[PDB]
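# Results of the structural survey
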Amino acid sequence: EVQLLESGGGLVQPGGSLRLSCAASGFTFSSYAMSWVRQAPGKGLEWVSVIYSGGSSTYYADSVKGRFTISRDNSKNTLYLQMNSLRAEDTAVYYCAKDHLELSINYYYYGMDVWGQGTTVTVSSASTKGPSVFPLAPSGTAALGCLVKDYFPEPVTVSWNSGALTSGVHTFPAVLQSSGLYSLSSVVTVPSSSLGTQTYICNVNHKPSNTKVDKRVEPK
Amino acid sequence: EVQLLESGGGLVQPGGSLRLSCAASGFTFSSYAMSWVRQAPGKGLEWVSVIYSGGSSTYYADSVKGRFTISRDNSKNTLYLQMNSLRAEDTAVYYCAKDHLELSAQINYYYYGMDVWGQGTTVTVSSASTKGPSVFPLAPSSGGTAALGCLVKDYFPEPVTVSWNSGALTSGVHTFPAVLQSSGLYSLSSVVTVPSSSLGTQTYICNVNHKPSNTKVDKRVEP
Amino acid sequence: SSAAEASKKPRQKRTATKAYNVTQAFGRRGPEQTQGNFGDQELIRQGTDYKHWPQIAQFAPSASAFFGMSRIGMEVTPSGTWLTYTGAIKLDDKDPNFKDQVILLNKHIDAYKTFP
Amino acid sequence: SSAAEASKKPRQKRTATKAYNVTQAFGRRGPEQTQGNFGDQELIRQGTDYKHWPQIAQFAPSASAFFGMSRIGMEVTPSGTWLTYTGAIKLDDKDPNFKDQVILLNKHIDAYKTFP
Amino acid sequence: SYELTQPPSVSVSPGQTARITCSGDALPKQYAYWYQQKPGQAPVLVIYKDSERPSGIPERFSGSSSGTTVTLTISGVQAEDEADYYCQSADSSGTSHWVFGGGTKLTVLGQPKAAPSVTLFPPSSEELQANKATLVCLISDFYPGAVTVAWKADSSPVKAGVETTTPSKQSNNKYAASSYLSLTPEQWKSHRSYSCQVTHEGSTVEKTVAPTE
Amino acid sequence: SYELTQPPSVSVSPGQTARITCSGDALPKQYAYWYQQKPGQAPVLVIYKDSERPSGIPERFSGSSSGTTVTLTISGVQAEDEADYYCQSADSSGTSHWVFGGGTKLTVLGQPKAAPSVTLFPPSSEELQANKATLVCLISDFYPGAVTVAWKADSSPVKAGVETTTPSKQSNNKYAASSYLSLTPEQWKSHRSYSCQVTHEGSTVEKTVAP
């Protein structure tokens, strides 16, 4: 059971600091270099930093050099990444990965065959904020909905008629605005003949801010 | 120089027949297999037939087997393709190509790609009848430029040429390639862009000539 | 067909698979100088589909290395003209895979000698 | 760097170009059994960028043909363990290009002996 | 710095052979390594040293090297093979560590093409009474999962105030997205209409709203 | 029938490496041959026997083999390398002759992206006196040479009677195409407007006419 477990990710403001850790087991940890690899949301893999087996030598990508410090505790079989002066573009999932073996010095490498499952680092100035909900009124099939604007952080749940309406309901994944806040919409397709006779209420819950808002969506 | 010169292409009706010929020079034609390769308009290359160096053995693609006959006259350095039972889908440019060399040891075949091609001859198989075109004026619709044109519609076959003012007017002239409609007839448009202030004073006449129907027509294009 | 004969790849450019095994592509294994001697029954039947083919192919030279490392000569006999090649590839005995590499290679060198 | 050393290709997997010639990739040409002997100064200098390289590479065996045609051996010595290979690639003396092939191969075989 | 170049996207049908290339000046001297990553998962090594498979990887994965280009090949590609693929290598200069290529999204087309359905909502009267205006373009039921969205003021393009999501796989395995156009209520009322134009597979489907009634 | 499979099209930028693949079951045993064809010209052999260049072909053309796939590679691709490329080989069964792949259109993108100029002409008066009506959408000066035409009848798409040409190269090295919409003289005089929408590299261009 070769395994790497990361922790320490979280939400921090720009200029803040985080300490990531990666606990290894199932292999002779002290014989291998170890690397950190990160992946910004929707971007590619970027190697970040490496420390050699004995912890004597370290190297860093230019994007993090002078701000991140990698270290290891071979007695604990744990790898660390001390992240200082965080920037918004440091937002990523940070992966722990076994690097090349070194024997005595020769270096042997057969790919990064062991990865951790990653820990998420979010660098943002956003504060917890409950959403503002606006009805998306409809005009025999019609689409009405609810706009859920400017909330932080994820997630927001949307039901319709307190869950009694489930067919035709489409809740879309949120967009992350340049403001750092999220917005999503939930649209439900219903028969036209019901628009004047059936009430349609979207129920919006945002647990982090303790907000629940019900919005009646009436036709114009 | 090595050279293949095709001839015999033309316009034929479905079920008709046509004979292509390819004259070779610059190499020992009699030592080489020869192939016909065709290309329908806008489609890919399709090998259709080969005849071996002695003219005794022939092979055909399934699409032309039983309808095309390939032959050669080594005393004339000439390759032939007799095309019978022609169909619309036989419309293509037909290429003459040098195939593998045959050496008599067991006969051995040596091939380094088709490095020698003719420039091709065009074959059109269409049931449509020859017809002169109908010309219509595309009146200029009201920063200082106006576009006026002529619609040359429902003619067969190609080509038709369009000039403006007996050819004196060339700048701003854009004659578009013809469309080939489901009816089997062509339609094209020729547009000229002129100063807007010239509209009330200068005369613009498009000259349409469809030689296959002896149709010559001048249409004034007035606002 | 003439086109199949004219475009048929020579022995050095062929690739053995399950559908075209080592015997079909390169002849039976044997002791003669122009016979191959490499491969057990499994590799012979499977070619590049063999489970451990990547670990064998790591020792095969590229076209540039083949002419770069080897001693190249030309023999002319009544049977024809031949481009001869000899060479040696050093294994890394410090590589953690070295022991497995030697076992795998010895499993196929002259494996036909023990064929039923 | 360790990453460059850890991923450095072995001798047999290298490819010689103008940016990395035959001498740098496969050592100097010479008569010793361990040395390559193939190539004139142009091929030495240009590698696979050589104008007639495709005419030479047509004789290089694929990975499957290398282990299919060649006589493979293992030499376990105090100075290391080697994969040894010997073989012959038959030319077609009836091919129209045969005479030019012999000339091209002869021009590069042991060409280092002329080098001033 | 040293860079590896791979195509951003490759599309294949099931059973066909998928090919993903990666190029870099040091690849004639340095081995390459290939990684497969599915959404929400860590990368998985599929090929090391140009052409070797880790033990758990299916035999349909293979790799080859031709000078400055390496190619990851997946024969008889399956729907399970749809993922992002990254090549990895190192400069030969010996002054840096591992570098990743930009990544290749391999799409395995397991469904016929489907144009997106577009639903465009005008700003709510409640939102306008809050001195704000948001246009909501909801895009659904398209395949493959890639669209581009353009907004128009009347017939003129607008670039400011547009926020669009990445495509997301719906329950029915078709894809969905959504775009938002932020305007001032004065802008929304000053134009005759606003339009959301969704281009999918080179063809565009549009919807238009107007400050009417 | 023995088939060779190529992708319909490959798009590159100058200096990049173009790669055109050809797949066939008999390629492990049979050589492949590559041909380059520019519009209105006969094909030209660029690679034979998988990897060899004929005399006169620039060195940036190369070829390689990997089992059932052969690849034609153009390093540092240039604008003059834009053409249709065909692979050719033969079945190993020995019952057939040469077969060509379907062909790959290689676009090189040697010019700046140019959006099309569009001019939509309504039916002429003389044509209406002849019980006919044709809308004429003239599309010019776009690059690269690929567009899609959407015909609308008051924000409603009419998909009948549309004749659209293939894009054609102009003398200024941009592209042109034309689309025709044949209607009855009553279809045209009843609708409130009529549009020609042209989509080119995402961005769109539209003109409108009305009686």
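Residues numbered from 1 in each chain as written, not as in the entry; some residues may be left out. Chains lettered and ligands numbered in written order. Heavy atoms only, no water. Residues with missing side-chain atoms left out of burial classes, pairs and counts.

This entry, as listed in the PDB, derives from X-ray crystallography and reports a resolution of 2.06 Å.

The PDB entry lists chain F under the name 400Fab Light chain, from Homo sapiens.

In the nomenclature of the PDB entry, chain C corresponds to Nucleoprotein from the organism Severe acute respiratory syndrome coronavirus 2.

### A look at the overall build of chain F
Check the secondary structure of chain F and you find two helices and 17 strands. For 211 residues, the compact-globule formula gives about 17 Å, and the C-alpha radius of gyration of chain F, at 23 Å, lies well above that figure. Overall, the C-alpha framework of chain F stretches about 65 × 40 × 25 Å when taken along its three principal axes. Long-range contacts, defined here as pairs at least 24 residues apart, represent 58% of the contacts in chain F between residues at least 6 apart. (Helix = DSSP H or I, 4+ residues; strand = E, 2+ residues; numbered from the N terminus. Rg over C-alpha atoms; globule rule 2.2 N^0.38 Å. Contact = heavy atoms within 4.5 Å.)

### A closer look at the state of the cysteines
One pass over the structure, following the stated rule, counts eight disulfides over all chains. Through a disulfide, E:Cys22 is tied to E:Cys87; the S-S separation comes to 2.0 Å. Where E:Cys22 bonds to E:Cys87 through sulfur, the torsion about that S-S bond is close to 60 degrees, and the disulfide is right-handed. Of this pair, E:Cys22 sits in strand 2 (residues 18-23) while E:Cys87 sits in strand 7 (residues 83-89), placing them 65 residues apart in sequence. With relative accessibility at 0%, the residue E:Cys87 sits in the buried group. One disulfide in the model links F:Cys137 with F:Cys196; its S-S distance is 2.0 Å. On the sign convention where negative means left-handed, the S-S torsion of about -85 degrees between F:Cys137 and F:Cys196 marks this disulfide as left-handed. Of the two residues, F:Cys137 is situated in strand 11 (residues 133-142) and F:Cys196 in strand 16 (residues 194-200); the sequence distance between them amounts to 59 residues. Judged by its relative accessible area of 0%, F:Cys196 falls in the buried class. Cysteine pairing for chain F (bonded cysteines numbered in sequence order): 1-2, 3-4. (Disulfide = S-S within 2.5 Å. Buried < 20%, exposed > 50% of the residue type's maximum accessible area, 1.4 Å probe, protein only.)

### Thoughts on the interface of chain D and chain C
Frequently, the measure chosen for interface size is the accessible area removed from exposure when the parts meet. Every contact between the two is made by 57 residues of chain D and, on the other side, 56 residues of chain C. At the level of elements, helix 4 (53-57), helix 5 (63-69), strand 1 (71-77), strand 2 (80-90) and helix 6 (98-108) of chain D are the ones that each hand at least two residues to the side of chain D that touches chain C. By residue class, the composition of the side of chain D that touches chain C is 27 nonpolar, 21 polar and nine charged. As paired elements, strand 2 (residues 80-91) of chain C and strand 2 of chain D share ten bridges and run antiparallel to each other. (Nonpolar A, V, L, I, M, F, W, Y, C, P; charged D, E, K, R; others polar. Pairing = 2+ DSSP bridges.)

### Concerning the nonpolar core
Membership of the largest hydrophobic core comes to 57 residues, with the highest contact counts inside it found for C:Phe67, C:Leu83, D:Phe67 and D:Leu83. When residues no more than four places from it in sequence are discounted, the contact partners of D:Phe67 are C:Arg29, C:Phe38, C:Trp53, C:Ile56, C:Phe59, C:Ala60, D:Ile72 and D:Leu83. In terms of nonpolar packing, the next biggest core, distinct from the first, is built from 29 residues, A:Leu20, A:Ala24, A:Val64 and A:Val123 among them. (Core = buried A, V, L, I, M, F, W, Y, C linked by side-chain atoms within 4.5 Å.)

### A short note on unusual backbone geometry
A cis geometry characterises the amide bond from E:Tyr143 onward to E:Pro144, with omega recorded as 0 degrees. Along the chain, the position of E:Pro144 falls in the loop between strand 11 (133-142) and strand 12 (148-153). The residue after F:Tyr143, namely F:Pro144, is reached through a cis peptide bond having omega 5 degrees. When you line up the elements, F:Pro144 lands in the loop between strand 11 and strand 12 (148-152). Positive phi is not limited to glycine here, since E:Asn173 has a value of about 70 degrees. You will see that F:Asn173, though not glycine, has its phi angle at about 70 degrees, which is positive. With respect to the helices and strands, F:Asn173 occurs in the loop between strand 14 (168-169) and strand 15 (175-183).

### Observations concerning the relation of the copies chain D and chain C
Between the two chain copies there is a screw-like relation: a rotation about an axis and a shift along it. With an RMSD of 0.5 Å, chain D superimposes on chain C once it is rotated by 180 degrees and translated 0.0 Å along the axis. A rotation of that kind, with that shift, is consistent with a two-fold axis. In terms of proximity to the rotation axis, the leading residue of chain D is D:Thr86, whose C-alpha is 2.0 Å off the axis. When you check the interface residues of chain D against chain C, 98% turn up at the interface there too, and the contact is symmetric in its surfaces. (Least-squares fit on C-alpha atoms.)

### Digging into the packing of aromatic side chains
Applying the stated rule across the entire model yields 44 aromatic pairs over all chains. Judged by centre distance (4.0 Å) and plane angle (25 degrees), the rings of B:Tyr111 and F:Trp98 are stacked. Note that B:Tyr111 is positioned in the loop between strand 10 (107-110) and strand 11 (121-125) and F:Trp98 in strand 8 (residues 98-100), a pairing that runs across two chains. The exposure class of B:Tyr111 is buried, given its relative accessible area of 2%. Assessed through its relative accessible area of 2%, F:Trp98 is described here as buried. Between C:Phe38 and D:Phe67, the aromatic rings sit 4.7 Å apart at their centres with planes inclined by 55 degrees, giving tilted as the arrangement. Here C:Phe38 is found in the loop between helix 2 (22-26) and helix 3 (41-46), whereas its partner D:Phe67 is found in helix 5 on a different chain. The residues C:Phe38 and D:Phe67 share a single accessibility class, namely buried. A network of ring pairs unites the aromatic residues C:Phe38, C:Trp53, C:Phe66, C:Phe67, C:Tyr85, D:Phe38, D:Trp53, D:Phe66, D:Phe67 and D:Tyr85 as a single cluster. (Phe/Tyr/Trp six-rings, centres within 6.5 Å; stacked < 30°, edge-to-face > 60°.)

### Some details on the sheet that holds strand 1 (residues 3-7) of chain A
All names here are of chain A. With respect to topology, four strands assemble into an open sheet ordered 1-3-8-7, the strand pairing being antiparallel. Of all strands in the sheet, those with a lone pairing partner are strand 1 and strand 7 (68-73), marking the two edges. Neighbouring strand axes in the sheet, compared pairwise and without regard to direction, differ in orientation by 15 degrees on average. Where strand 1 meets strand 3 (residues 18-25), five bridges bridge the pair, whose relative direction is antiparallel. By the bridge assignment for strand 3, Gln-3 is matched with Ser-25. (Axes fitted to C-alpha atoms, helices over the stretch in contact; angles between N-to-C directions.)

### Overview of the interface of chain F and chain E
Tallying the contact residues gives eight residues for chain F and nine residues for chain E. Carbon and sulfur atoms supply 39% of the area buried between chain F and chain E, which totals about 680 Å² over both sides. By the criterion of area lost to chain E, the three top residues of chain F are F:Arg19, F:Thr199 and F:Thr204, representing 53% of everything that side buries. For the pair chain F and chain E, the number of links is zero salt bridges. Taken together, the links from chain F to chain E amount to six residue pairs in polar contact. Residue contributions to the side of chain F that touches chain E peak at three residues, all from strand 2 (residues 18-23) of chain F. (Buried area = accessible area lost by both parts, 1.4 Å probe. Salt bridge = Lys/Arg side-chain N within 4 Å of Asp/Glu carboxyl O. Polar contact = N/O pair within 3.5 Å; in protein donor to acceptor, adjacent residues only side chain to side chain.)

### What about the UniProt feature "short sequence motif: Nuclear localization signal" in chain C?
When the UniProt feature table is mapped onto this chain numbering, "short sequence motif: Nuclear localization signal" sits at residues 8-16 of chain C. Helix makes up 0% of residues 8-16 of chain C and strand 0%, whereas the separation of the span's terminal C-alpha atoms amounts to 15 Å. (UniProt positions renumbered as here; feature names shortened; annotations may be inferred.)

### Quick word on the arrangement of the chains
Here twelve pairs of chains are in contact, and chains C and D lead that list by number of contacts. At their nearest point, the C-alpha atoms of chain A and chain B are still 38 Å apart, with no contact between the two. Between chain B and chain E there is no contact; the minimum C-alpha to C-alpha separation amounts to 18 Å.

### Let's talk about helix 6 (residues 98-108) of chain C
Residues and elements named next belong to chain C. Buried within helix 6 are the following residues: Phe-98, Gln-101, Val-102, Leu-104, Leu-105 and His-108. Here the buried residues of helix 6 occupy an arc of 170 degrees about the axis, which is enough to place them on one side. Away from the buried face of helix 6 by more than 90 degrees, exposed residues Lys-99, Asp-100 and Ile-103 are located. One or two positions beyond helix 6, positive phi appears at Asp-110, with a value near 60 degrees. (Arc of directions from axis to C-beta.)

### Some remarks on the environment of F:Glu3
Residue and element names in this part refer to chain F. Among the structural elements, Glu-3 can be located in the segment before strand 1 (9-11). The exposure class of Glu-3 is exposed, given its relative accessible area of 55%. Here the alpha-carbon distance between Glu-3 and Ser-64, two residues 61 residues apart in the chain, equals 19 Å. Residue contacts for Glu-3: discarding those within four places in its chain leaves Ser-23 and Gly-24.

### Looking at the domain arrangement of chain F
Once the domains are mapped, chain F shows domain 1 (9-107) and domain 2 (117-209). Domain 1 of chain F and domain 2 of chain F are separated by 37 Å when their C-alpha centres are compared. (Domains from an automatic or database assignment.)

### A few points about the pairing of strand 6 (residues 69-74) of chain F
Residues and elements named next belong to chain F. Taking burial as the measure, the six residues of strand 6 include six buried ones, the bulk of the element. Looking at chain direction, strand 2 and strand 6 are connected through six bridges and run antiparallel. Bridging from a neighbouring strand, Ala-18 pairs with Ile-74 of strand 6. Hairpin connection of strand 5 (residues 61-66) to strand 6: two residues between the antiparallel strands, including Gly-67 at a positive phi of 60 degrees.

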